[PDB]
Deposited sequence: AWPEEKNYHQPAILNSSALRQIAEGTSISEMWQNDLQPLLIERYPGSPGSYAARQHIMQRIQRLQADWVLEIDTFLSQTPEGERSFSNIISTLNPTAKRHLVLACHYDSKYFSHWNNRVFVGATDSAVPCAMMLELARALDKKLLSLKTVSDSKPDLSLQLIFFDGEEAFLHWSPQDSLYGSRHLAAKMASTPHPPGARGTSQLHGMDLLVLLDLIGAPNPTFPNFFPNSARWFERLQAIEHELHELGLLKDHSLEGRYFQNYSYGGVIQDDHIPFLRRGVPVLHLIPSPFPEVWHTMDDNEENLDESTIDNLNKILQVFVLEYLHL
């Protein structure tokens, strides 16, 4: 019955004092310098920047006190440019815990021919989401360190996934996209969890996939995409509203809020699709419309909005703490 626990799981909602502590515990300037800027490089699969981004993400995680278990899921696949190597980065607390909240983004950058000595670094797409996850891991390190403490009073922990190969090499298609996520979802579907279990897979273990994509532009509007995650989307709205009321957000208005009541009219393709089609609940934190700079050379550092990202860092960290009861 444990794969059904996610359906009844409740947050442990934090009081004003705790919310102030979280808002002050995260540093947008240290994320910018130590987590974001090293990723603002060309990093399509197999590029020098692909290897550098991987090493940077792993190094930033390994320096933390929490008991993170890093795994690199490396595989070959045919592409339009030819057989390429892809490496997903998985970072897991308590790997044998039956349940994980999963935060994820893609760390590859889309390939574009250089033009006018300009290189696409995909600042929103998705270097900022990578940096946000690393900053969450740092800001919450002491609280996450307590997950190492066995105590029988749920069997639930945190996992981070940095997908490789999200972007098409040529034109987006079922066989020219989602290289890392299609591979990892298939592998997880085939892998018993907990080890030795009968019937249940690692995908049953995924309580909720929170996929960050195209974050960093000013005035993002996130639609509530899915009914089976809508109650969790509403927690993001309530956290945003409460942090704003408490004066803990910068350059933020109620009419210019991020998390929207309405849903979306189409189906966005992204790294969550291979998980969603196999029953995993998904909270797809992608804006609609996409950033103005999307898939242009102007998706760069200069066009990021620091206050927006800082605000979203605070909202995400509260959400994660409340989900995990920390």
Which deposited-sequence positions, grouped into ranges, are missing C-alpha coordinates? 154
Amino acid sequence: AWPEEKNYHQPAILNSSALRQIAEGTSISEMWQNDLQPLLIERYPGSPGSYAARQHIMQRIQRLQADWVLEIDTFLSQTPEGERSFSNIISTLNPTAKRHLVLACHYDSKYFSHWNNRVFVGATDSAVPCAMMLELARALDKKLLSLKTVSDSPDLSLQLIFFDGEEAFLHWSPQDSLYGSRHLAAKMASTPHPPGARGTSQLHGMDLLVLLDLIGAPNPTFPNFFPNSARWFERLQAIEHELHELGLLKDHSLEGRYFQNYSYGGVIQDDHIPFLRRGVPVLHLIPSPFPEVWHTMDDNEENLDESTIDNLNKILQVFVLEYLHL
From here on, numbers count along this sequence of modelled residues.
Can you let me know which of the two, 157 to 165 or 188 to 196, has the higher average C-alpha B-factor in the entry? 188 to 196
Should the higher mean CA B-factor in the entry be assigned to 228 to 236 or to 110 to 118? 110 to 118
The largest CA temperature factor among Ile273, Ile286, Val280, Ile61 is found at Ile61
Comparing recorded Cα B-factors across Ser17, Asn303, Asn311, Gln317, which one is largest? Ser17
Once the chain's modelled residues are ordered by C-alpha B factor and cut into thirds, is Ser85 in the lowest, middle or highest one? middle
Would the CA B-factor of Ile57 place it in the lowest, middle or highest third of its chain? lowest
Among the modelled residues of this chain, does the Cα B factor of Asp125 put it in the lowest, middle or highest third? lowest
Based on the deposited C-alpha B factors for this chain, I'd like to know if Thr79 is in the lowest, middle or highest third. middle
The third of the chain into which the C-alpha temperature factor of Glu135 falls is the middle
